[PDB]
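Worksheet: the structure to be examined is printed underneath.
Number of protein chains: 2
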Amino acid sequence: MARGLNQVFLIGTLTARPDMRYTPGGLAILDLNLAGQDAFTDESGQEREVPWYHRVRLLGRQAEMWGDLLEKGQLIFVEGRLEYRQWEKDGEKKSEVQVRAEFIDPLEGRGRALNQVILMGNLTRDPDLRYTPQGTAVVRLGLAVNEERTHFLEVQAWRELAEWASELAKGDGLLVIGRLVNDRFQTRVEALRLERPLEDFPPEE
Amino acid sequence: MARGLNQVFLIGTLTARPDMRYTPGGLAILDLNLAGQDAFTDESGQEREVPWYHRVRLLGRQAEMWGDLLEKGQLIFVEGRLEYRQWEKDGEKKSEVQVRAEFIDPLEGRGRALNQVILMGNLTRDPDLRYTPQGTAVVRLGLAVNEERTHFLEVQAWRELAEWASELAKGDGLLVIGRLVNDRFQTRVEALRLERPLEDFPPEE
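In order, the protein sequences belong to chains A and A'. A prime marks a further copy of an entry chain. According to the deposited numbering, the residues represented by the first sequence are 1 to 111, 126 to 161, 169 to 204, 214 to 227, 253 to 260, in order. According to the deposited numbering, the residues represented by the second sequence are 1 to 111, 126 to 161, 169 to 204, 214 to 227, 253 to 260, in order.
Right under this line is the structure:
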């Protein structure tokens, strides 16, 4: 955005009836489990669908508005951002990346799925380039996004984008346009587009 | 968003060196002319590219920051919204839809174009469905988007989306995901996805 950018857009189906919860101060928390699929044609020309399952967290006002009304099988449009969190030992891992929904909009499930992420930040390390047996290039890179704290996000790219990305270095700025995918558990971004935000100006010494 | 949603994402190339301008109060105004192209395969299986040329307006702070630095041929990432304006007789037409950039980020033009719009609003009229000689369905609909004033935007869809859309009526809510295109001059949205935001709740009489 002004440097750091973090935006997520999803349209998926609820795999479970929403779980409502309140904090002692009285903050409503509503977690939604969404599912959908992304397609792509492989090197053998085969059209393939890759499923994705993402938990989405709504907070407060809107969480209350939607609580109890949402049912399993419901088609939902979501707009939010990726939030990274780190902690000691308890919730099963030290770090986690979850989608925090800014707002949600249930859609008429007919009488369709969407998965897009836009990130802009700076590399927290040199890119890690590797190759597959077939000889396909793949890279892994860490991104620091700060638009109250910095969010550390993992990005993966393939083929030419992976080769171009391999020339980047720790500290470099990067704009990512891709999809939110999963993999212990890890949520990361699969890049569809990668671009370098130009720097610097106006050294009027 | 909360009902009204208006977001534009573009990556294009400057077709002309930016024109800076100030208002008497001292508000910097920077208009950028961007170009790019969208591809698509027709019914005859032919892969085709459709060009798009869009003026983008930056205001104030950022406009000043970028003024004079931007050159023709420069690749730029843009995020903003569509703004509709109406007036009497002077600037050549009564209404106009322009992209107002919230921020821009020049990108390294290598050593790619992007055109996406997300709208949510309510139909200002019944949809207008027509067919092409070949027999292809096409619809035109008016959308009122209010997230200080309402923005009236024209949307066009094709084939099945056009047929499904034809069942909508004035007042109905609609989520649009598409591309910004041009056509006197008219800027409108070509739909790639159309969905109906469910209504209503919680009548606890």
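Think of the CB as a built atom: it goes at the ideal place given N, C-alpha and C, for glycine as much as any other residue.
Query, Result
"Listed by chain order, chain A' residues near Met1/A by CB distance under 9 Å", "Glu79, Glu102, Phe103 and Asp105"
"With 16 other Cβ atoms within 10 Å as the buried cut-off, status of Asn203/A", "exposed"
"Closest by C-alpha distance to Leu14/A', when choosing among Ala35/A', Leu133/A' and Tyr22/A'", "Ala35/A'"
"Burial state of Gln86/A, where buried means 16 or more other Cβ atoms lie within 10 Å", "exposed"
"DSSP three-state assignment for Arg180/A, whether helix, strand or coil", "helix"
"Contact the segment 87 to 105 of chain A' vs the segment 185 to 193 of chain A': 3+ CB pairs below 8 Å", "no"
"The segment 20 to 28 of chain A touching the segment 62 to 77 of chain A, judged by at least three CB pairs closer than 8 Å", "yes"
"For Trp52/A, the three-state DSSP class (helix, strand or coil)", "strand"
"Per DSSP, the bridge partner or partners of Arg200/A", "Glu220/A"
"Boundaries of the alpha helix (DSSP H) in which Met65/A is found, first to last residue", "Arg61 to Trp66"
"Cα-Cα separation between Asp38/A and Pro147/A', rounded to whole angstroms", "34 Å"
"Cβ neighbour criterion (16 or more within 10 Å) applied to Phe215/A", "exposed"
"Spatially closest choice to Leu58/A' from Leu224/A', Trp66/A' and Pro24/A', by CA coordinates", "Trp66/A'"
"Burial state of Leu69/A' (16 or more Cβ within 10 Å)", "exposed"
"CB of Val97/A within 8 Å of CB of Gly80/A, strictly", "no"
"Where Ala190/A' falls: helix, strand or coil (DSSP)", "coil"
"Chain A within 8 Å of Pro227/A', Cβ atoms only", "yes"
"8 Å Cβ cutoff, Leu30/A' in contact with chain A", "no"
"Separation of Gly12/A from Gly73/A, as counted between CA atoms", "9 Å"
"Spatial neighbours of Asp140/A in its chain, beta-carbon cut-off 6 Å, leaving aside the 5 residues before and after", "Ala190 and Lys191"
"Nearest to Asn136/A' (by Cα), restricted to the options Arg17/A', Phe40/A', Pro227/A' and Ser44/A'", "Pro227/A'"
"Spatial neighbours of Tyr84/A' in its chain, beta-carbon cut-off 6 Å, leaving aside the 5 residues before and after", "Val97, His172 and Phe173"
"Cα-Cα separation, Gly4/A to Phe9/A'", "16 Å"
"Residue nearest to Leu82/A' in terms of C-alpha spacing, selected from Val99/A', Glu175/A' and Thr41/A'", "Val99/A'"
"C-beta neighbour in chain A for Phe256/A', strict 8 Å", "yes"
"Range of the contiguous beta strand (DSSP E) that encloses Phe40/A'", "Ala28 to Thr41"
"For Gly111/A: DSSP bridge partner residues", "DSSP, once it has assigned bridges, lists no residue as partnering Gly111/A."
"Contact with chain A' by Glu108/A, beta-carbon distance below 8 Å", "yes"
"Per-residue burial, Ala2/A [other beta carbons within 10 Å of its own, 16 or more giving buried]", "exposed"
"Contact list for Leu201/A' against chain A, beta-carbon separation under 7 Å", "By Cβ distance, chain A contributes nothing, its closest Cβ being about 16 Å from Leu201/A', past 7 Å."
"Option in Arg110/A', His54/A', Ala16/A' and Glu259/A' with minimal Cα separation from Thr217/A'", "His54/A'"
"Nearest-angstrom Cα separation, counted from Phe40/A' out to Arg144/A'", "22 Å"
"Beta-carbon proximity of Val152/A' to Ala183/A', cut-off 8 Å", "yes"
"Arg55/A at chain A' interface by Cβ criterion, 8 Å", "no"
"Length of the line joining the Cα atoms of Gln7/A and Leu201/A", "11 Å"
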